[PDB]
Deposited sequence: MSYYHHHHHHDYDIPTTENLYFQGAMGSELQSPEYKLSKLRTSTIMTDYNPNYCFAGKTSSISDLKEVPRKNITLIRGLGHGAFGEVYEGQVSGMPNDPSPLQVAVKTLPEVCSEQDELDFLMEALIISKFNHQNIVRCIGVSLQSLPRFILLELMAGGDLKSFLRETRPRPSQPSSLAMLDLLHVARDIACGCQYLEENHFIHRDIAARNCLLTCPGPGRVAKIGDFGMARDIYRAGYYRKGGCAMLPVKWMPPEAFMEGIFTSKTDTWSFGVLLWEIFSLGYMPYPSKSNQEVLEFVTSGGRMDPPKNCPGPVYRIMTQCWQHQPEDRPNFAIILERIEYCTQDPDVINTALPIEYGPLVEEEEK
């Protein structure tokens, strides 16, 4: 059985909490993950869960990838990273049971909660700053524990609920799992890499540090403040690659306050040494939340 090391501590399949198959009920499909459907489920006042499934028709590598994902998520202990309730690997199809996030993914939340004439203040600058702070908190925990996420993006973030009081969390570690297992990428190729979220040293030299996550965080900030637009509008992966290597950077999203845009530009410094760490990113987000000129800025209303 493969071993997994995090914060200098080793774990294996035997450390995962196997939950009896009879105690799990699938309710509805929520969409698809990297390799398999994800369901809303219940574990027996039942525990509300997200059920990641492993296709029964899969290779031995798919089975080992699935196990590694369970080990990775089960070893984290942070409020801004989705909890793992357990696994059900002794029955087919195999399951990973995660904390149900009732607000769905962040990208679809921003696109659907965008202020409209119908919803005048669905969302405000403070809601965006709270999502950004929540994710920066999770990234800080990964950085302090020497774990490089490699795929910080809106599609990988989830929300506990749609309304006020929502907490944003990192809910996917598929890229980091792929690198941990083989050392490189892997199952995919050039066309599958998250090019639009990567710094120059990453796509050019294959060099990854916590400053890689800082760059991707800046891109996530743009995704947040644009209200769910795809980064580098109208540019393909190769155009982005060339644009970014030549010093090109995204313009501020529509109505973005200057102090918020300044965080993005700092995250996008060419030299990793010039980029802020997550503690500095958090201090800057915290200062933006205190500033009336930032939080009183109206979000654009989409007609």
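### Task
Just jot down which stretches of the deposited chain sequence have no CA coordinates, in the order they come.
No C-alpha coordinates exist for 1 to 49, 94 to 99, 359 to 367.
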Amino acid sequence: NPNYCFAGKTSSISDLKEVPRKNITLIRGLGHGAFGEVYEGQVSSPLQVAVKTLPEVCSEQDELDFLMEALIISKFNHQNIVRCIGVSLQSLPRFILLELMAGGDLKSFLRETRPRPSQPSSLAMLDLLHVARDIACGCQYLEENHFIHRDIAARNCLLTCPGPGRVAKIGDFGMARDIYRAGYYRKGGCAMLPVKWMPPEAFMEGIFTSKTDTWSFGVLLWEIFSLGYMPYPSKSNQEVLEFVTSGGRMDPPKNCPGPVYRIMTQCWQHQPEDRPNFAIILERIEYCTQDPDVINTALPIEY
From here on, numbers count along this sequence of modelled residues.
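Note that the rigid core is defined as the largest set of C-alphas that superpose within 1.5 Å between two forms.
### Task
Between 158 to 166 and 111 to 119, report the one with more C-alpha displacement in 5 other deposited structures of this protein relative to this form after a rigid core superposition.
Clearly, after the core fit, the stretch farther away in 5 other deposited structures of this protein is 111 to 119.
### Task
Output the stretch, either 120 to 128 or 133 to 141, that has more C-alpha displacement from this form in 5 other deposited structures of this protein following superposition by the rigid core.
When 120 to 128 and 133 to 141 are compared in 5 other deposited structures of this protein, the bigger C-alpha shift is seen for 120 to 128.
### Unmodelled in at least a third of other entries of this protein, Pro93
Comparison shows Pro93 kept in all of the other entries.
### Query
Are coordinates for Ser45 absent in a third or more of the other compared PDB entries?
yes, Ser45 frequently unmodelled elsewhere, at least a third of entries.
### Task
For the higher mean C-alpha B factor in the entry, choose 238 to 246 or 30 to 38.
That would be 30 to 38.
#### Entry: Mean C-alpha temperature factor, higher of 170 to 178 and 132 to 140
Comparing 170 to 178 with 132 to 140, the higher mean C-alpha B-factor belongs to 170 to 178.
### Query
Which has the highest CA B-factor per the PDB entry: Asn255, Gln48, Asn277, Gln269?
That would be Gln48, according to the entry.
### Query
Out of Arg155, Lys211, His78, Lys187, which one has a C-alpha B factor higher than all the others in the entry?
Result of the comparison over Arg155, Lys211, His78, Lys187: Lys187.
### Task
Could you tell me which third, lowest, middle or highest, the C-alpha B-factor of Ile13 occupies within its chain?
Tercile = highest for this residue's CA B-factor.
### Query
What third of the chain, by the recorded C-alpha B-factor, contains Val219?
Lowest third - that is where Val219 ends up once the chain's C-alpha B-factors are sorted.
### Message
What third of the chain does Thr53 rank in for C-alpha temperature factor, lowest, middle or highest?
### Response
Its C-alpha B-factor belongs to the middle third of this chain's values.
### Query
Among the modelled residues of its chain, does the C-alpha B-factor of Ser122 lie in the lowest, middle or highest third?
Highest third of the chain for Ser122's C-alpha B-factor.
### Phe147 CA temperature factor, ranked by third within the chain
Tercile = lowest for this residue's CA B-factor.
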